[PDB]
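Have a look at the structure below, then the notes.
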């Protein structure tokens, strides 16, 4: 099971060449790996499955999203100037709208890797649709020998839980699995395809790439840096002149000498 | 079992990029790992469980909290100036109230990782509510064949202790477990979700972020640095002039020469 | 199974000598390895195979292609100046046609390694043509003992799925496999041969290597570098003169002194 | 068993950021690990246990304490000036009392880790109170079938020694153990809690933190450094002028030439 | 199986001392290792073997050859000036003939290591001549008990495929193998001997080592270096004077000020 | 089997202190190790052995010898000036005879380690003289019960091939082996002794150590270094003045400007 | 078996602090380890043992001795000036006698470690005196039941060869061994004791430590260094003036220009 995460492990061990997305690589690479040690096991009960599996395609994604906004050091400047009234805003809506949108496209670089990499291994999908398999399809001389609706859902639904499987009635194990891990791995490619193709279009066309506001932004965020870095200079400077008055008082103020004079 | 902690192990091995929270990463990453080597095993007795399990969601958290306050080098300055009377305080309540609050939000970065990572593996939860499972639910032709209340609590309660399990009466093992590790992993996500979302709000709104007092603080804590660093200069300086009087006395004072003169 | 990817692992661990193709080595080396942890298992059903196997020679290649264009920092400059009308284009078609073509030959350095390295292990090919093996050829006293067409496709088609194989009727297992992994490894060499030989011809002849336009290009892309790097200078410069007016206001504006004066 | 010590092993391998306590980390981290290779096995005899177990909670702690005082380079200066008569002491009782107390709180950082980490694994506690377990409690249809007092102590007392356990009379093995490793791990937390909370109070209040004597101390210990470092200068200086008189005598004093002159 | 390649692995790990051949060591060392992970398994059918084995002594060699020419950065200069007409060639045939020949003797340093290291392990040779072994030689009381020609080729030919071997008729397994891995390892030495001895003669005598043309060559290839390296200087220089006109326009052209003036 | 080569592995890993012999350590240390992965297995047939074993004490040595001459960068200078006629030789026979002899004593540092380290493990010797063991010596009640000459050579000769050994007739296995690995390890010491003792004599006496010609040599080989290193200076110098005429033509020759002028 | 040598392995891996003896540590540490991979197995025949075992306490020691003299770079200077006649010797007998003796005490630092470390494991001693064990001593109801002298030597002598041991007649195996590995390990300590104690005396007293000749020696050996290092200066200097005359001839002598002039 180490394969899905040990790969980025040496890849992390490989080099130190990246960007903000590589800074996102600090987190989401763990998201490529955090799946590995976090186990998965479904109740194999009659109706809980379709509830439970939807838990592991919506919450842990949404967590990794919101942990992207708070993680970067900008949201205050947008949060601060939004709550204030219009007019008083020292920034145009344009620089707001852009700079707000350039937070999403650095955060989304995670909640898409953790929806691929829990489809390609199918576990998330297996416990979610096993209740409705066409049992007549490849059923070893099938025909549903008088089987009812209840007490068959409890027959099908165990399929992922291996050692507690009921038996050969209208199914083997290795044909009900290994046919739901096929259909799953079809979505996993026909999903990641559509997303990356939609990564094309975005850059390639447009949405708030105006040469005007891009300039004002990068100027501004560059300006906050020099402000913080420079304020410390005056403090340490202005403080240095102030310590000399007091520290000297400790000297010449205990005994004006040492008793250890030989 | 190494997975839950070996992950941060190479992640620790990964790089050296962090902050005070990464300084908290020095500790709490161990808290992500300290769970790994510290075993867990419940009494599997009739009433001790619900006592014992609550031991491992309140004490070891609270320890990691208080080890956060004492660990950082500020509490004296707050502790010193609080015990003194008002008025004599060389600092406003504002700089107090802020600087005191900026100790919590650097300490809490632990006692939340050690409440997630002992819910997602369910062991802490399993030995805490096994005494009340609906045995009729998925009970292999159930009906409670005349079973009493006592001598059934001692029947259910063994469920986590594997090799000492009684038997198939109104239960298998792999259906009483693997249904309490489902419910548990639901809280683990629906908890960590709520917390991180509440990490949003805090930064994003406010609570003592006033531009006034933030300035006075960082100036002040910057000032203590130069004071300590500079005091050593005068000492080593003022001492150097003093050693010369005595060290010379050792010379010219033993024999004023060596007998080894050839 | 680690062999196919652990090789580039220490090879990655080996040194840091490469180029843009070695920059492509950042990705496609993973493509040499990403095969390793991504499992493969075919439905072993009557008609799905020839559908499913074609999934793993066209989609995951095409993904690695498009992830090559978006990955490098040029497509905007081509995308921007293409959408505009002719005439307004500040660049000749020649520099366009070349610079556009020099994106392909840096991207193709992947989708050819992931078509070799899933033929040489034959798994991709095995589940794709097992339905039509000449069963009379090496069939252990063959003759097709009255076998029909249906209920034989479901007999042959299981061949890759080992533990669910039907039996010795007109076949053993280790002669239907180990004869489709021969034919496969013949394409894998007679393919990689043809490609590399076609790598010869390209460099060796020509296609838009004109001394004229190559010059204009590398000059231009060199020019964008100095533009971005130099703009930051004026900002940090022009900003530094501006901070001094405000930062001083924070000083001398809170109390013009400290109450901590002893 | 490597877990309890292999953790600090990579943690030691982790980085080199610490202080005098981290200098104590040089020793006590071994004390976190020295437990690992030093085995434990109790006599499983009738009365020796409660003697023997108390051996491994008082001696090996007390050793690690005294190895803390001697390890640091200060005790002579306190030991030297204590044996002398009062009055002649070149240092106030205050600087004595403080500097003596600042030896304990750097030594205690060990003999508390080696009392936790031999309670949390319970072995030290198991062989110490097995002689008095309530056998009627969870005793598999108990009632003490005429059992005497002697020849039952020799029945209970074997409990830790696994392969030499007598048998099922009024006990199984896995219920007499796994109920004394519960009670133990309760002290281990309710102990380490109380200690760390008492680490709070100490810093937070007071005990000889007077601004007066802290100054005189750190000045003094700073002064001993420059004295030792500077004495070597005069020696190597004063010696250099002295060697020239003799070393020249070796020259011009063997033959005033070489016979190897060609 | 790691031995044949793990050797160069630490040897690669050993040091970084080599030349262009060591640059070829970048590739062919993999060719010493690429054999390791690329499996080998022959059809064990009647006539395909002698076809199939010849596949693995001619194609994968020839690939590693052509990947040597294209890999080095010279063939264009030879390819460019060859297609042109004579007379216009700015270089003598001598510098052509030499410089063309000094491409082979740096490429051949591979396709000879991958013909040794797939003879010394004999697998390539075993599946190629098993069809004609003298069965009477060491045949355990032989005499060919009426065996025909067909249905014996299918008897011999299985010999490498272990678990599918027919049986003891006129052969054991461990005497038909372990006599074809002897004859093979004789060629492997009597081949590598002849080649290295022919490496002697080449250097030691001659073939286009003329002092005249060697000079002109190394001068020329040295000249191309300074040309490319120096062209970038004029560009970045000539460009720097050009950016200042436009970048200033962005300044003073958005608002000529900031609205954030307090 | 890793022991014979894993030793030099960490020894190689040990340090980087050596000379030309240590440069030979680059190769022959592999020769100490190349034995490890190159297997050994003898035909166990009647007459081939004494042929085959002599293959592995003469060819692989002789290869490692000739790979020593070609490996060092001197043979051309000797090869070049030998083919020429006497008189024209710019070097005395003395400097020739010495410098030629100082190639052997740096090459022999291999083909002696690969004759020891395939005697001390005896495998090379076992398959070479098993055909003539005195079977009466330690033969478990011997007497040769009417055994003929043929059909006994095929009885003895199998002795190294373990699982195909015939049986107890006039021999066990572990007394025919373990008496030919004794005699072998006697030569291995009484050989390496004689060689190293002959390493004494050589240095210690003489053979072309004349102070005259040693001087001329090391001067000469020192001179070739400065010649090659210095020639590159004039080229890069003389070329630099030449590029400026052409590179400027590319500028001012495409458009004398850019169309991108805004 | 790795223990005897893996120890110095990490000890070698430990640090790089040593001297000429540590330079001897380069070799003899291998001698501490070379025992590990070099196997040992005695003939277990009637009279060869006492011959064979003496082979492994005299030859491999004596080899490591002579490999110490030749290894260091001094013996020529002693060998050269000894063969010459007295009087012509440019060095006194004293500097000879000392400098010759200071070769032994750096060589002996090996052939004593390889006589300890093949006694403490007893294998060398076991196969050397098993022929004469007092069989009556601890002989399981002994009395020598009519056993003869011959056909008992062949009974005792097998004792080290485990699987070929005859049987229980007048002996078990684990009492004839495990009583000859006791007596052996007694010599191993009572030997290494005597040697190290004799290392005391040597330094502590005397043997050619005269202040006169020690001076002349270290001066002399210091002088040879500067001679060799300085000779290279004049060569490279005197050569540099000489190359300029010829290298210029290559220029201006091929064509006095290039045909590539455009």
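Method on record in the header is electron microscopy, 4.7 Å.
Yeah, the Cβs are placed from backbone N, Cα and C, and that goes for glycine too.
Cβ neighbours within 10 Å of residue F:42 (disulfide bond), excluding its own Cβ and spanning all shown chains: 23. The annotation disulfide bond is assigned in Swiss-Prot to F:42-F:127 (among others).
Annotation note: residue F:161 (disulfide bond) sits in a coil segment as assigned by DSSP. Here Swiss-Prot flags F:44-F:161 (among others) as disulfide bond.
The feature N-linked glycosylation site is assigned by Swiss-Prot to F:140. Sequence-distant neighbours of residue F:140 (N-linked glycosylation site) (same chain, six or more apart, CB under 8 Å from its CB) are F:168, F:170, F:171, F:172, listed in sequence order. Mapped onto three states, the DSSP output places residue F:140 (N-linked glycosylation site) in coil.
If you look up Swiss-Prot, you'll see F:101 (among others) marked as S-palmitoyl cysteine. Sequence-distant contacts of residue F:101 (S-palmitoyl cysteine), defined by Cβ-Cβ distance under 8 angstroms and a gap of at least six in the same chain, are F:207, F:208.
The S-palmitoyl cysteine annotation in Swiss-Prot covers F:208 (among others) and rests on similarity to another entry. Annotation note: residue F:208 (S-palmitoyl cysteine) sits in a coil segment as assigned by DSSP. Neighbours of residue F:208 (S-palmitoyl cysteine), defined as other CB atoms within 10 A of its CB across all chains, total 13.
According to Swiss-Prot, the feature region 'Phospholipid-binding' maps to F:63-70 (among others), an assignment based on experimental evidence. Packing against the region 'Phospholipid-binding' (F:63-70) from elsewhere in the chain are residues 24, 27-28, 31, 103, 106-108, 110-111, 114: each is 6 or more residues past its ends and has a CB under 8 Å from a CB in it.
Under 8 Å from some Cβ of the region 'Phospholipid-binding' (F:192-202) lie the Cβ atoms of residues 105, 112, 116, all in the same chain and six or more residues away from its ends. Annotation comment: Swiss-Prot describes F:192-202 (among others) as region 'Phospholipid-binding', evidence class experimental evidence.
Positions annotated as site 'Not glycosylated' by Swiss-Prot: F:74. Sequence-distant neighbours of residue F:74 (site 'Not glycosylated') (same chain, six or more apart, CB under 8 Å from its CB) are F:99, F:103, F:221, listed in sequence order. Under the DSSP three-state reduction, residue F:74 (site 'Not glycosylated') is assigned to coil, being neither helix nor strand.
Annotation comment: Swiss-Prot describes F:1-21 as topological domain 'Cytoplasmic', evidence class a curator's inference. Beyond the ends of the topological domain 'Cytoplasmic' (F:1-21), by six or more residues, the same chain brings 29, 32-37, 106, 109, 117, 121 to within a C-beta distance below 8 angstroms of the stretch.
Marked as topological domain 'Extracellular' by Swiss-Prot on the basis of a curator's inference: F:38-49 (among others).
Taken from Swiss-Prot, the feature topological domain 'Extracellular' applies to F:126-180 (among others).
What Swiss-Prot records for F:22-37 (among others) is transmembrane segment.
Counting same-chain residues at least six beyond the ends of the transmembrane segment (F:50-72), those with a Cβ under 8 angstroms from any Cβ of the stretch are 24, 27-28, 31, 40, 42-43, 103, 106-108, 110-111, 114-115, 118, 124-125, 127-129, 131. For F:50-72 (among others), the entry in Swiss-Prot reads transmembrane segment.
Marked as transmembrane segment by Swiss-Prot on the basis of experimental evidence: F:181-206 (among others).
With a threshold of 8 Å between CB atoms, the same-chain residues lying at least 6 positions outside the topological domain 'Extracellular' (F:38-49) that come near it are 56, 123-124, 126-128, 130-131, 153-154, 157-161, 164. Of the listed disulfide-bonded residues, namely F:44, F:127, F:161, the sparsest Cβ surroundings within 10 Å are found at F:161. Note: the Cα of residue F:127 (disulfide bond) and the Cα of residue F:44 (disulfide bond) are spaced 8 Å from each other.
Listed recorded positions: F:101, F:127, F:140, F:161. Those with a CB under 8 Å from a CB in chain E, in sequence order: F:161. Residue counts of the topological domain 'Extracellular' (F:38-49) by helix, strand and coil are 2 helix, 0 strand, 10 coil (DSSP-based). Within the topological domain 'Cytoplasmic' (F:1-21), the DSSP-based counts of helix, strand and coil residues read 14 helix, 0 strand, 7 coil.
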